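Supplied in structure tokens, the structure appears directly below.
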Amino acid sequence: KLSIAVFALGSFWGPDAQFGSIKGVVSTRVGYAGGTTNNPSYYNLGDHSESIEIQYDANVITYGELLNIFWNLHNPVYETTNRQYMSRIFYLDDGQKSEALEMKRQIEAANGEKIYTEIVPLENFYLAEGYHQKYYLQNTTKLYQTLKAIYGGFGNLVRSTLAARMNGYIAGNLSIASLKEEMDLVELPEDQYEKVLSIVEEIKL
């Protein structure tokens, strides 16, 4: 049982890697939300926005902290009507709604710039195609195939905490020292640990 945040802040690969680098974020998935069609896809998006589903442990990180990260990853001070890339917070309950509204107000007051992020109730979230998940990791072939085998397949890998952290590392959002601590948490057999570390170290060079 974990908590859920759903945000939209432009192309979703960046936020996936950014949020996936954060302690307390257990898993991430990218997808489509905010529209009115059922089962959208990348080239049939209707009125949906590129979004990220963040599964977080509220004992470790708060919704407030996630909102701070959201507004530090982009600066939505423009009125746009481009649905695919719009800044949105999809709240799951009145607590999330109240915290989002209050933080938005505080940001506007502190810089005099109006924020255009829409704070709206979450309707449906639709998972994006496989090729979009953990995008940076998935396109780092040797590391990707090695971790996928260890995790027992694509679905298991992309839902894992370590994959989220590894994706962040590849994107440049997590230090190698932090990554090694994350590897320690999953308690791999030492030969897999060393095999993975060597690929990771080699990437660091």
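Because the Cβ atoms are built from the backbone with ideal geometry, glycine has one as well, and the counts that use them run over all protein chains shown. None of the figures in this text is laboratory data; all of them are computed from the coordinates on show.
Take region 101-149 and flag every residue that is over 23 Å from residue 82 (Cα atoms) and touching a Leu at 6+ places or on another chain (Cβ under 7 Å).
103, 137, 143, 144, 147, 148
When the residues of region 146-174 are filtered to those that are among the polar types (S, T, N, Q) and over 16 Å from residue 25 (Cβ atoms), which remaining residue is surrounded by the fewest Cβ atoms within 10 Å (Cβ to Cβ)? Spell out the reasoning first.
In the first step, residues of region 146-174 are kept if they are among the polar types (S, T, N, Q); the result is 146, 156, 160-161, 167, 173.
Going one step further and asking which of them are over 16 Å from residue 25 (Cβ atoms), we end up with 146, 156.
On the way: 146: 16, 156: 13.
So, considering only residues that are among the polar types (S, T, N, Q) and over 16 Å from residue 25 (Cβ atoms), the one surrounded by the fewest Cβ atoms within 10 Å (Cβ to Cβ) is 156.
Restricting attention to region 4-24, report how many residues are out of contact with any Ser or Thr (no Cβ under 8 Å at 6 or more places or on another chain) and either surrounded by fewer than 22 Cβ atoms within 10 Å (Cβ to Cβ) or within 22 Å of residue 101 (Cα to Cα) (or both).
Number satisfying all stated conditions: 9.
A quick yes/no check of all residues on (1) touching a strand residue (DSSP E or B) at 6+ places or on another chain (Cβ under 7 Å); (2) among the aromatic types (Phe, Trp, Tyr); (3) surrounded by 16 or more Cβ atoms within 10 Å (Cβ to Cβ):
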| position | (1), (2), (3) |
| --- | --- |
| 26 | yes, no, yes |
| 36 | no, no, no |
| 46 | no, no, no |
| 52 | yes, no, yes |
| 63 | yes, yes, yes |
| 70 | yes, yes, yes |
| 77 | no, no, no |
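Can you tell which of 126, 116, 135, 63 is more than 23 Å from residue 171 (Cα to Cα), touching a helix residue (DSSP H, G or I) at 6+ places or on another chain (Cβ under 6 Å), in contact (Cβ under 8 Å) with a residue 24 or more places away in the chain and among the aromatic types (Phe, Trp, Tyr)?
Working: 126 fails: touching a helix residue (DSSP H, G or I) at 6+ places or on another chain (Cβ under 6 Å); 116 fails: touching a helix residue (DSSP H, G or I) at 6+ places or on another chain (Cβ under 6 Å); 135 fails: more than 23 Å from residue 171 (Cα to Cα).
Result of the check over 126, 116, 135, 63: 63.
Just the residues that are under 22 Å from residue 185 (Cβ atoms) and out of contact with any strand residue (DSSP E or B) (no Cβ under 7 Å at 6 or more places or on another chain), please, taken from region 112-141.
Across region 112-141, the qualifying residues are 134, 136, 137, 138, 140.
Yes/no per residue for (1) part of a loop (DSSP other than H, G, I, E, B); (2) within 17 Å of the chain's Cα centre (by Cα):
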position: 163; (1), (2): no, yes
position: 170; (1), (2): no, yes
position: 173; (1), (2): yes, yes
position: 181; (1), (2): no, no
position: 191; (1), (2): no, no
position: 197; (1), (2): no, no
position: 200; (1), (2): no, no
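Another one. Does residue 52 qualify as being in contact (Cβ under 8 Å) with a residue 24 or more places away in the chain, part of a loop (DSSP other than H, G, I, E, B) and hydrophobic (A, V, I, L, M, F, W, C)? Outline the logic, then answer.
Details: in contact (Cβ under 8 Å) with a residue 24 or more places away in the chain: yes; part of a loop (DSSP other than H, G, I, E, B): no; hydrophobic (A, V, I, L, M, F, W, C): yes.
It is false that residue 52 is in contact (Cβ under 8 Å) with a residue 24 or more places away in the chain, part of a loop (DSSP other than H, G, I, E, B) and hydrophobic (A, V, I, L, M, F, W, C).
If I ask for residues that are under 28 Å from residue 45 (Cβ atoms) and small (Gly, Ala, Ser), which ones from region 59-117 would you list?
Scanning region 59-117 gives 87, 100.
Among residues belonging to region 87-106 that are among the aliphatic types (A, V, I, L, M) and surrounded by 19 or more Cβ atoms within 10 Å (Cβ to Cβ), point out the one that is nearest to residue 17 (Cα to Cα).
We begin by selecting, within region 87-106, every residue among the aliphatic types (A, V, I, L, M); these are 89, 92, 100-101, 103.
Keeping just the survivors that are surrounded by 19 or more Cβ atoms within 10 Å (Cβ to Cβ) gives 89, 100, 103.
Numbers: 89: 18, 100: 22, 103: 23 Å.
Applying the filter and picking the extreme gives 89.
Which pairs turn up if I take residues in region 81-101 that are within 16 Å of residue 115 (Cα to Cα) and look for partners that are assigned to a helix (DSSP H, G or I) and of a type outside the set (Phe, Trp, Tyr) with beta carbon separation below 7 Å, at least 6 apart in sequence or on another chain?
Short answer, once both residue conditions are applied: 89/100; 99/64; 99/67; 100/67.
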